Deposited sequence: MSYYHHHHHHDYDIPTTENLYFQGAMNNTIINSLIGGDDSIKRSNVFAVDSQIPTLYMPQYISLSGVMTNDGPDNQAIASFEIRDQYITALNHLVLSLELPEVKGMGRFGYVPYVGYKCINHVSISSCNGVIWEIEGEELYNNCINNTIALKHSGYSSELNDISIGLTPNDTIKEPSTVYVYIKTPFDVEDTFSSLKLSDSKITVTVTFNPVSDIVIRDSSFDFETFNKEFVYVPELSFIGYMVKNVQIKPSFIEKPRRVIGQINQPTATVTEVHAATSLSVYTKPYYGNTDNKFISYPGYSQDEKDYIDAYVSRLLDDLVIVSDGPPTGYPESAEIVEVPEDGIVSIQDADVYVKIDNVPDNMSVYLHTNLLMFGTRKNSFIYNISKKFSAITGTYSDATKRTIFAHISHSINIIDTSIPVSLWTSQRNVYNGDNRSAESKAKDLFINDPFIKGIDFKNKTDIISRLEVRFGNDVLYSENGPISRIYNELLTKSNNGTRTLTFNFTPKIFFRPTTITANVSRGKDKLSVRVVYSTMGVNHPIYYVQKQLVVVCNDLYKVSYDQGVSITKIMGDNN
């Protein structure tokens, strides 16, 4: 109801100099006015799509918070079609910010995405919705698969960190923003039935650039520093990569990307908008089940001769070598039996060695046959399918290496396979869950800068940046940005110490996984420090 006597007695019962924590002198700031400015741009096909935006106005003193709008068209026709999650980020191949004196800042599309991955709002705007990312089906040539939509891509820049204090100042200079787009093939998930040829011919990127402009009265410009991300991709299947000309790096990131060039980029399933590891696994199990347990009158027809479809015993247990599969379906008609496809997908490099068989990954399958729809309605499924199984390209099941067929699904099931060309996949699975780096070594010149076995550098990245999707990262700067010059690793060119060399030991994937034959590329990102000066327009100088 009021302050207690014990508290009152503990204070009254003034000799020392105290900092006022109950009042502040409200400083008058620089006089300015912000404005959201939107620009249309010019489209070019060098046949890569490139959008240019020129910002040249005597009243736009500073700017930040770049947002790119993209108009997605109405998608009509036959077939399965869906956009990749965060489709807007996946459109971007490269972003460049330039003045008359050259590039001020630039970034690779995947690195922009990596920098925004911990911003759920920016990712949502990108966008990510059941409307965009579920795999929709067109049943007629004039059927609407996808309605037209607008996505917003937040182009995070070093100018956003401290709002007005970090904004790009325009020294009565012309700024150009150049966005290079990925082919539309990257952002779209589709089956064979979908007329991609026509879609590709007719699709056009329709972008618009927004930014927060500031009209500042008597701006007092000071020099600053900015970090420019630089990326190097290693050779296919080489466990090494080098970044040359490293003189002042604030950080270094290391990750892996799969390379699907030895494939047709076709996968059995995709979960759509639902993106959890369990959603990927459930979408895959769901696609296999129709061919795995068959309720038929006599041995099931329409499967390759290589298929081993066995009638389930009265026991319910089918033995596929060491693995027992318990199959029990209720309401099976008297003229019909329950069959198990014991080798739905199988892989082996040697005829009497190890076999990777997807049918062996199921231990229990129960359900009820429906006389009304003539389908089996699966109830409980016990299995050991993982995220890697859902990430195996179909090409690797039917590869030359494989001594077996070894894709014994029905023709109906194979026609439902999807082309996935997402350009920002990491690791060897869709969720980048499996850590395939067993050991990492970083060399600065000839000296070992850092080495680790487990991903403790990923744990630090995730803790320090409050991200649940980090990468193995070394950070050399722990100083607050903008108010301090960033701390860096510094070169010694005479001792040949001006290169960062990364070496990894990859995990053997275990014994005979078809995912061992997924080609990998090592990615190394280095953040170089640059000085930003505004003497005769905006200019940047690499720190050396």
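- The deposited chain is incompletely modelled, with C-alpha atoms absent over 1-23, 37-38, 72-74, 573-576.
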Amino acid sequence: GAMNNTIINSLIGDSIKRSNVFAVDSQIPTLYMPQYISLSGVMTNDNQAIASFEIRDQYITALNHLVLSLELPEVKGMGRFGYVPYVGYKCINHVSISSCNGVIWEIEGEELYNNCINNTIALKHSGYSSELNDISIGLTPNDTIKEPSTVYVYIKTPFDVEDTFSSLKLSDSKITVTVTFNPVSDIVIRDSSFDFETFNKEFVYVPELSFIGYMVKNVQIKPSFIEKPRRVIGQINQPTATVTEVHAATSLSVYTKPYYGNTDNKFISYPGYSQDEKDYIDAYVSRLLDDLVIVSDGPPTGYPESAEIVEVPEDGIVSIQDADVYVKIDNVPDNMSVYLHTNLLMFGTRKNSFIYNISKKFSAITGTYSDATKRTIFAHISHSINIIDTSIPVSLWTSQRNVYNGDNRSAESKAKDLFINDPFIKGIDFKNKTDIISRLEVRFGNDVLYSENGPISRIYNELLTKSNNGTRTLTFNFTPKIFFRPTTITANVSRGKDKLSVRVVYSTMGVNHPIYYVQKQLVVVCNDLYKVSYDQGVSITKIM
From here on, numbers count along this sequence of modelled residues.
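- In this entry, 294-302 shows the higher mean Cα temperature factor of the pair 294-302 and 418-426.
- Of the two stretches examined, 26-34 and 511-519, the record assigns the greater average C-alpha temperature factor to 511-519.
- As recorded in the PDB entry, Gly316 shows the highest C-alpha B-factor of the residues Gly470, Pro393, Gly316, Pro158.
- Comparing the C-alpha B-factors of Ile355, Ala241, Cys116, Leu209 in the entry, the top value falls on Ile355.
- Sort the chain's modelled residues by C-alpha temperature factor and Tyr59 lands in the highest third, per the entry.
- Placement of the Cα temperature factor of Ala51 within the chain: middle third of the modelled residues, per the deposited record.
- Among the modelled residues of the chain, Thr120 sits in the lowest third by CA temperature factor in this PDB entry.
- Among all modelled residues in this chain, the alpha-carbon of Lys76 has a temperature factor (C-alpha) in the middle third.
- For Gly406, the recorded CA B-factor ranks within the highest third of the chain. Only modelled residues enter the ranking.
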